[PDB]
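This report refers to the structure that appears directly beneath it.
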Amino acid sequence: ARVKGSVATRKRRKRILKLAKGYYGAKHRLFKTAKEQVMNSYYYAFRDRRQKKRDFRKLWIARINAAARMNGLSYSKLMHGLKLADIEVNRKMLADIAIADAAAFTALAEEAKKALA
Amino acid sequence: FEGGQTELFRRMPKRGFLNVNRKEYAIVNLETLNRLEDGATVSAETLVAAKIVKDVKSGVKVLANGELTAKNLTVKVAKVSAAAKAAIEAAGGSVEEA
Amino acid sequence: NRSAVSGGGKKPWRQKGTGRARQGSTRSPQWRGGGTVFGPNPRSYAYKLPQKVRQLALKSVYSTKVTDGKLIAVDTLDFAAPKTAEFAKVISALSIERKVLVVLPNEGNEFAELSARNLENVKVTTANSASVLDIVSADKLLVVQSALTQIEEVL
RNA sequence: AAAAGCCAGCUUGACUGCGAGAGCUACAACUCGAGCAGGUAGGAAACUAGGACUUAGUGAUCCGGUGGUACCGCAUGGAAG
RNA sequence: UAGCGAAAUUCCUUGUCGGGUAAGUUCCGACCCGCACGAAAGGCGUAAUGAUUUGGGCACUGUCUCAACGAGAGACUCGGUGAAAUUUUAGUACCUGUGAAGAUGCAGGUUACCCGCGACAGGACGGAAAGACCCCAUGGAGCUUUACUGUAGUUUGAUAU
RNA sequence: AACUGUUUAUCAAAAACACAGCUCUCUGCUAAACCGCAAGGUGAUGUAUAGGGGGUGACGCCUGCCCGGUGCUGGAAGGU
RNA sequence: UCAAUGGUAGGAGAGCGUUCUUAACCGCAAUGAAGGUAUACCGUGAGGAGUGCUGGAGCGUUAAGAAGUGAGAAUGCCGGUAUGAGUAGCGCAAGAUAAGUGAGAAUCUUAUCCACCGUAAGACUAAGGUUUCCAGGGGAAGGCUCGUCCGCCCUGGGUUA
RNA sequence: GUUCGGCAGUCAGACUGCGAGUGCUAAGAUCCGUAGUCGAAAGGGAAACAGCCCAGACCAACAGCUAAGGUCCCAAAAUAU
RNA sequence: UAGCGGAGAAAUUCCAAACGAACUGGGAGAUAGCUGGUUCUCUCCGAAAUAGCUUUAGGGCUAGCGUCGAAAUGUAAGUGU
RNA sequence: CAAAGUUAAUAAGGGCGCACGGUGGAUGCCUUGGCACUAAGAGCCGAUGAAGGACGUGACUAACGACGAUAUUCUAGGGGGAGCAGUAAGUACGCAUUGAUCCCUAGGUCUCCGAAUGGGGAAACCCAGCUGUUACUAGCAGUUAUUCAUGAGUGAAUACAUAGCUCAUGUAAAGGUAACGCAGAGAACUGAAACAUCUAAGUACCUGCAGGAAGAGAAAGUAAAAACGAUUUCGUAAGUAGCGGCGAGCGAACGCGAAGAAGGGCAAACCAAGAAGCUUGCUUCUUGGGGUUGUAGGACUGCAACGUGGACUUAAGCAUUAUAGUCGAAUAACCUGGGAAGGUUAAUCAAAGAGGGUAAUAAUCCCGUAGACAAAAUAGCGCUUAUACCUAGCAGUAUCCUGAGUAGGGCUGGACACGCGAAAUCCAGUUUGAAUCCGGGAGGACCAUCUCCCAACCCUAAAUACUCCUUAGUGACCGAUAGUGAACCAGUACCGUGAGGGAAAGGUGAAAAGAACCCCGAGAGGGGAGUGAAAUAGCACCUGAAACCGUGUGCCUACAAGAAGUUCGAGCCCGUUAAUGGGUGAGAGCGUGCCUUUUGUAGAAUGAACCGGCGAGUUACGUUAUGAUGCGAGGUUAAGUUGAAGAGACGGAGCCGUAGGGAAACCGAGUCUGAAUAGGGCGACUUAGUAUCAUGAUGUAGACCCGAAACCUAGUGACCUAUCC
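Protein chains in written order, with the entry's author numbering: chain BT, 2 to 118; chain BO, 50 to 147; chain BF, 53 to 207.
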C-alpha cells in the first residue's frame, strides 16, 4: 500500500501556483514567497473592503467640502445644517453632486442655509 | 509515581497472610429456586443441569434472600447458611449437606 | 525494517565541524536505503460471529429472498452427462440473467458441479456454503427442494 | 482574677471501647469532638475527668524484636513458621 | 642546621641603596623585613658546553626619520580554458528615533539620471567552526584516594592427597 | 641545565626526558622480580661487583634535627 | 424571529482527496483511457468537472470496506539546476625562426641556432608498477588549453640462459 | 451549579496601575496580593508600540452613526465660537 | 611484540593521511527528564503559566484552571446586586 | 523676433503576461524482478576426492554460460519431431524428419588448487620416491599425509617382557555446511527515574555435538480424596500460587480440555559350559539360558506358544508417485482504424468463459486450460507372503537379587517461581558415609499415621521447531528511490592493506522495417529525400513537468530610495470555462517574509540554494472508557476438529456476571470491628449484564520518529610509528 497520490499533490501545487500568478519576477518561478503574496494581498484587501470605504468617503466629504468651501462653507456647519435640515440626511450621493450641480449643490446648500436659519 | 517520593501504596503496611486452604461453594440465590419447581433433590445436578453456574466451587449455598416458592425437602447441599435454613427448613425443607 | 534488511550498523562519519547534522546513517530510513516506519505486517484478519447472530444473519437475507422470491424451488434434475447445454437450457429455462446461486442437495450433485464453472453466472453451493458473500453476491438463485432439511436443520 | 496565677487534701481519667458530628485540605496527614457503653476516680451530692493555660518537644513503608493471640498451620496430626 | 635570599621562590612593595643608564618598575651587586628559601622532591658552588632566557656594549645597518627607485609572478586587457565555499526571495542609500531594549527593508526627514568597470573593507551582529570559555544533564569517559563494594594477587589455618 | 643524545610527526626542543655518577633498598638460585589459567619462559647458560625497585643526576663542599603519627622491619607477654 | 460565529497548546463533531478494493451498480475508451498542458467556470473549504492541445493504454464511476493515505520547512535524504563566474587557478624552468604535416598547427615532425642540468635534471639497478614497450592506424572521452602528437584508443608484434 | 465518566495540557509568564516587601523607598530589577492587558484579541489613538487608553473582527457592501482621540498642510473634520 | 593490550629517552607520545582508550561486525533501531521534525479540509467550545510534594527546581505527581458525554438538577446550589 | 507653460515616444537593458524552444527525466502505464506465505517433498555432501575457486575448452578472438584435454561435449536408453549451428548480432564450414537440434535418465572422462594429504610451499606452484609401463639422461599410469582401530613382526635400558620401532588392513575421518536443536563457556548496555540487590538473560557472542528434527520419556510421579497412571505440543488454570533493595519486576505448577496417543531390553540373583587363584573344594573371566520387578518381582517348586516397528520395522511379488511428456473441444462477417479480440451482426462449445500472448480488451487465433493417457531408469511410498526372533499367564516362597562412595550428612555453589530462606526437591565440587525386601524413597523444615512409587543401568516412534533447498503455487504484496544491497553480467564498479563496506542504471518502434540515396560539413552532426500509423519516433528512443537557459511577443519603466503588495486608477493593448471580459499598468493610499522557541522576535535568534521524489503516531496481545449490535441473570465457546489458508457445523474445557463482610478462622442479606445484641465500617436498601465490533487512551513490544558521546563481545592490524631481533 506504498502509494503516492503524486499528481494530486502537484495539483495542489499547480492549483495554488496558477492561483498565485502575476506578481514580481522570481515569485512564480519559485513556490513559497508567492504563497503569502496572494495571501497578504487579501489580508489588506480585506482591510480595504473597509478602507476604500473609509477613503472613498474621504473623497466624498473632501470634495464636498471642496465645493462647499467654493461656496465658502465648512463641512461641519454644513452637515450640522444637514441634521438641522429635512428628511434628507443623505450623505454621499450628496457627495456625488460634484458634477455640474449648482442647482442641487448650491440649492441644497440653501436648504442648509434655511436649516441653520 | 509520587515524584520520587514513595507512593500511596508504597506507604502501606503489610496486612494479613492468606490461607492456602481457602475454599468456598459458588453461592447461589434462592431466586433460582423461584425459577425451578421443585426440582426434587436440589443438588449440583439440579444446579448445573439447571446450568446456573457450571464451573463451581465444589458445594452449593443459597441465601435466605430469595423466596420460598419451592416445596421439596431433600435439598442436597455441601453447606447452606443457617439463615437460609430458617427459610427452607422452616418452609418444607430437609438438610442434606456435606 | 532497517534492522531487518541492511548493510550498515555503523555511523558513516563524525559530525563535528564536518558539514552536516546529527545523523544516523544511510541505513537510517531517510536515504534511498529506506526503512519502513510502522507500515504493514504479516497480520491475519479473521473473526466469526456468535451462533445466534450468524443464524440470524442467514435468516435476514434468507427472508429478503423469501419475499423477493428470486429463489426458486427446483427439483433434482440430476442429469446423465455433465454437459452444460443441459444446465444451459435448464438454467436458461427461466434464464435469470445477471448471476445465480445454485442450491444442490447435501448429497453432492456432480454434473453441473464438475462443470458449469465455464457457465459464467453459475454458483455451485449447498447447505455447507452459507455466508452472506454466498447469497448477497448473486441475489438470484435456484433451489433443490430438500431445503427443509437443507435449511431448517440448524436455522 | 468564677482564674490558666498560688497552697493544701483526695488523687491516678495522662480510662477502655468508641464515636455522631465537624473543621483543615493534592494525598498522606492534621485539628477537635456531642453523645453512648463498660466500669471508674475524686467530689456530701451535684458536678468534673480521654494530660499540662493552647501551640514546638517529631517523622512513611519495609525488616527484625517484645508479649498475648477463639487465626492458619500446606494428605494427615502436631510442630516449624 | 649549613648554605643562598627580592631566587624560575617576596603581589606583599616599582622593598632599600649602589652601579649600567641623561634619561632605567626591567639588568647587575649588595643588603635579607625570608607571607612562603632551603638541604637528596638534593642546597650552595661550578670552567668548557647551549638554535637557552635576559641585560649591556661594539660592529653592520632601510627596521625607521621617511620613504623612493627599478626586476620577475599574479593582479589587470584579450584569446582558450574553466571551479569552490555561498544563500527566505528581494530592483537592498543616509540621518534621528523606535523596537527581544544596537535598523536595509519600520515611523519622520534628507539627498539619488539608468547600467557599469578597476581597486578597498565599515556593515550586512559576513562565512567557514550545533562554543573548544561558563552553566546544566540523576550524561558519559579518564584519573586519584585511608569513599563503599568487590576482584585477582599475596599471605594463615583446616582438610583429601 | 653539565655536555653530546632524546623530546610531542598533524604547535610547543626546553630548564622536559635521559645520561654516566651518587644514594638507599630487595634477591643466595629450579633466584628475587616478571609474563602467562597453568604449562612454559624471561631474568641470565646470570650467580650479591649480578639482578630488581626507589631517589638524585658530573665534578667541588655539604646533607642538620625530630621515631610523636604513618608505612616498613623485627619481636613476642597479653587483648582481639 | 431572537441570540451567537477573535481564538494558540486544549477538547468534541463533521466532511474532502489518494490508492487498493474480484465484489456489484456500470460505464468509458482509438471518433482517443490515463497522464501532461493552457483555460477569462463551479464548489464555504479541501475540491470538482467543461473545452483546446500532447498523448496513445487502461481509467472513471457510485456506494461501502481496507489502508505503507493526505507534504515545506528536520544541516532531512537522493537526483537535477543555479549562484559566485567568465572570476580564481591553468600545478615551481625559455625557447626561437624557417620548412614540412594536415583541414585544421604554437603546443605534431624535421632542420638550424639558443638555453638548462650535468655528485645530475646522466646510466644502471632494487622494491614497486603490471605491458604502460615498440610498429601501424585513429582522435568518443583523457591530456588542466589546443592538438594530426601521446603512458589516450584499435590492431599487431615485442622479453630467449 | 453539583455528581459521575473519559480526554487534556498548563508549572517559567511578563507588563500596566494600586497596595506591600527587598534594593541607593536605583531600575524595562526582584518577590507578593490585587484588577486589567497581552500572551492567546485584530482596528483606532498616541510618529512607529505585545502590555497604556478605547473598542472585541462570520462575511459582503461605493451605508450611516459614534468610542477615546482629534479638526492650519501632509492627514479628514473648527484659520469654530 | 595487537586494545582489560602493545610500544615507549614518558608528553597522556604513538599504534597504517588517525587514539586518555584503535578499527571492523554483532548486541542494538543501546540510551538520551535534552534539540529538531512533523504534512487534507471545516465548524463549535475554549486555557494555564499557580498551590503541595519531590536527589526537585529548563521535569514529573496531584489539586486549581478546558472540553465532551452521562445522571439528576444539593430542588437550587452557582453568579450578580 | 520672442516670453512662459505643458507633456512625447524612441529603452542600453529590465519587468509583467503570452507563444514556442531546449534541459531534466518525476509523471502515467508495463514488468522478465523481489518479498511474504500455503501445500507437498527433501532436509546434507565429502579422501570411492566435497564445498568452492582458479585455469582452460567455441569454426566466431570477447565476456557470461556450459563443459572439463574427450573439454561450447561423449556414450547408452527413451521421449521428441524441423530445423540446428547457447547468450546475439557474426561468421563460416557445415550439420539434420533417414531422425537432427533439443528434453530426460544412466554411464564415461573428469586440468590444478582446495579436508587437500609423497615432501615442501604465499591458490592457481616446485621438487620427488616406489611399482609396472614404454623409452629415455623421457614420458605414461598408479602407490607413498596423518590419527584412530585391527592384526603381524621387532625388541632398549634389562632375561622374557615392556616402551619404542616397522609393515599390513579398515575414508573410519578428518572437511564444506541454510535454519532449527542440544551441551558447554558466557557478558554488557538497559531498566529499576541514580544505583551496589535484581532485571536485562544465562540472552548478544563463541566453541563443540547431532539429526530430519533434536532433545523427550516410561512414576524411586503427581495429588489428597477413591486420584490418577510415560512423555510431547496447544488452550486453560492465569500473572493464579508465589518469589523479590517485596522496589522495579519476574514468575508457577495441579487439575481439566484437544491432538498425539508403544514401550522394550540389560546388569543383578541364578543355571549350564569352559579356563582358572587350576593354591585342590577354585570363586575371577568367557559363552549361552534366567529375567527386569510394587503392592513386591524373578531365581527354586509348579507351567502356557498368542507376528511382533511390540515376540524378527529381512527378502519376493502387488499397486502407485516423482522422473521425458502426450492428446486435448468450441467462429464467421461488417464498421473503425496502421492493425480487431474493440463497436455491430450472427453461430458454436461445455471436465476447457484459469491465465498469458497476438500491432487495439479473444472462450470459440495460439499457448494453454478441464479432463484423459505416458516412461523402459529413475528415486521412492504403500499392500500380501512364510521367513528376517524374543516375550506371556499361573499358585507357592529355601534363601539370593534389584543398580554403594550410592542415598545421605557437613561446607561451597547453581537450578528449580525460589534472591539462604522455615526452606523443600534436584544437580554440581569437596568431605564423610549407609541400609538393602522386615527394605528404601516422596508427600515444600521436621516427628508419627496414611497415599503413591521402586531410583541410584540403557534405549524409545508419534504428535514439535525451522527452512538454504525441489516444485505446485497464493496475494485488498510492490512497481524501478519501490520491490533483495542487487529487475540491469551485484555483492558489480568503487573505497580501504585488511577485516569490512558498498553504489548508479528497465522501457524506441508492432516489426529495425535503424534513416538507401543526395547535399552541407575534416569528421561528427545536420539537412533534404525516403522509412514507418507516426521521425518532437532516430538508437541512454514511450510520456514529458520542475528548477535553468532561451528566442519572439502587447504594455510599462533610464527624478527612482518598496517584504516588492493590495485597493483605486489615468492611459494603452487584446477579445474570453460569454463572461458586470482579460492582459497591463503610470500615478496614488495604506501595508515588518515563513518556521521552531519565547514573556516578547520583523529580526542583527535559528533554519531553509532551488526544484521534484521519498520521508514519520502503527499494528501484535491486554486493560479501561464510550457507543453500535445481539441476546439477556443468561451470555459465552477457547484451544482444537471438520472443511476451499472457505464458510457453516462440531468442540462448554474454561471465562464473565448472577450477595458480601472481615487478614483469616468463618459467618452471611447481612458481615466485621468491638463485652456489645451501643455506635461505626462496608454492605441487597445501594436495582444487569454478557458477548462481539468500533473509537479513544492504556500497557509489553526500538512503540511518533531524527539524534549522541557511550558499553561489551567477536575479529583484523607493526609496511605509519615505537621497541626488538
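For every residue, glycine included, the Cβ atom is placed at its ideal position computed from N, Cα and C.
- Where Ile124 of chain BF is concerned, the enclosing beta strand (DSSP E) starts and stops at 123-126.
- With 16 or more other Cβ atoms from the protein chains shown falling within 10 Å of its own Cβ, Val91 of chain BO counts as buried.
- DSSP, read as helix, strand or coil, puts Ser77 of chain BT in helix.
- In the three-state scheme derived from DSSP, where H, G and I count as helix and E and B as strand, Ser143 of chain BO is classed as strand.
- A distance below 6 Å between beta-carbons, with the five flanking residues on each side excluded, links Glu165 of chain BF to the following residues of its chain, in chain order: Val176.
- Secondary structure of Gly69 of chain BF (DSSP, three-state): coil.
- If you draw a straight line from the Cα of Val89 of chain BF to the Cα of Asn53 of chain BF, it is about 8 Å long.
- For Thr123 of chain BO, same chain residues with a beta-carbon under 7 Å away, outside a window of 5 residues either side, are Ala89, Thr90, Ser143, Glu145 in chain order.
- Pairing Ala140 of chain BO with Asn68 of chain BO, the inter-Cα distance amounts to about 36 Å.
- Secondary structure of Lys175 of chain BF (DSSP, three-state): strand.
- Per DSSP, the unbroken beta strand (DSSP E) holding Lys125 of chain BO starts and ends at 123-125.
- Of all alpha-carbon atoms in BF:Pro81, BF:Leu193, BF:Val188, BF:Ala125, the one lying nearest the alpha-carbon of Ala56 of chain BF is that of BF:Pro81.
- In the three-state reduction of the DSSP assignment, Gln197 of chain BF falls in the coil class, being assigned neither a helical nor a strand state.
- Looking only at BF:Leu200, BF:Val174, BF:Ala179, BF:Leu207, the smallest Cα-Cα distance to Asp191 of chain BF is reached by BF:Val174.
- Taking C-beta atoms as the reference points, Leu117 of chain BT and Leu85 of chain BT count as a pair closer than 9 Å.
- The C-alpha of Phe106 of chain BT lies about 27 Å from the C-alpha of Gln52 of chain BT.
- Counting only unbroken stretches of 4 or more residues, the alpha helix (DSSP H) elements lying wholly within the segment 54-101 of chain BO are 80-84, 93-97, in sequence order.
- CA-to-CA, the gap between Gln103 of chain BF and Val105 of chain BO works out to about 25 Å.
- The three-state reading of DSSP puts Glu112 of chain BT in helix, counting H, G and I together.
- When DSSP states are grouped into helix, strand and coil, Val154 of chain BF belongs to the strand group.
- Taking C-beta separations shorter than 8 Å and ignoring five residues to either side along the sequence, the partners of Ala133 of chain BF in its chain run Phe163, following chain order.
- Proximity to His81 of chain BT across BT:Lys15, BT:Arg55, BT:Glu112 peaks at BT:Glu112, based on C-alpha coordinates.
- In the structure shown, the three-state DSSP call for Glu37 of chain BT is helix.
- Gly108 of chain BO counts as buried, since at least 16 other C-beta atoms from the protein chains shown sit within 10 angstroms of its C-beta.
- DSSP places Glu204 of chain BF within a helical segment (H, G or I) once states are collapsed to three.
- Nearest Cα to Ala136 of chain BO within the set BO:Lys63, BO:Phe58, BO:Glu80, BO:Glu56: BO:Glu80.
- A contact is defined here as three or more CB-CB pairs under 8 Å, and the segment 23-30 of chain BT fails this definition with respect to the segment 113-125 of chain BF.
- Put simply, of BO:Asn121, BO:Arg60, BO:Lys110 the residue whose alpha carbon is nearest the alpha carbon of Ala147 of chain BO is BO:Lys110.
- Residue nearest to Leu194 of chain BF within the set BF:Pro157, BF:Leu101, BF:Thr78 is BF:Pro157 (criterion: CA-CA distance).
- When secondary structure is reduced to three states using DSSP, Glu162 of chain BF falls in the coil class, being assigned neither helix nor strand.
- Close CB contacts of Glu73 of chain BO within its chain, under the 6 Å cut and outside five residues either way in sequence, are with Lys106 (chain order).
- Exposed is the label assigned to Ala63 of chain BT, since fewer than 16 other Cβ atoms lie within 10 Å of its Cβ.
- Around the beta carbon of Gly115 of chain BO, 16 or more other beta carbons lie within 10 angstroms, which makes this residue buried.
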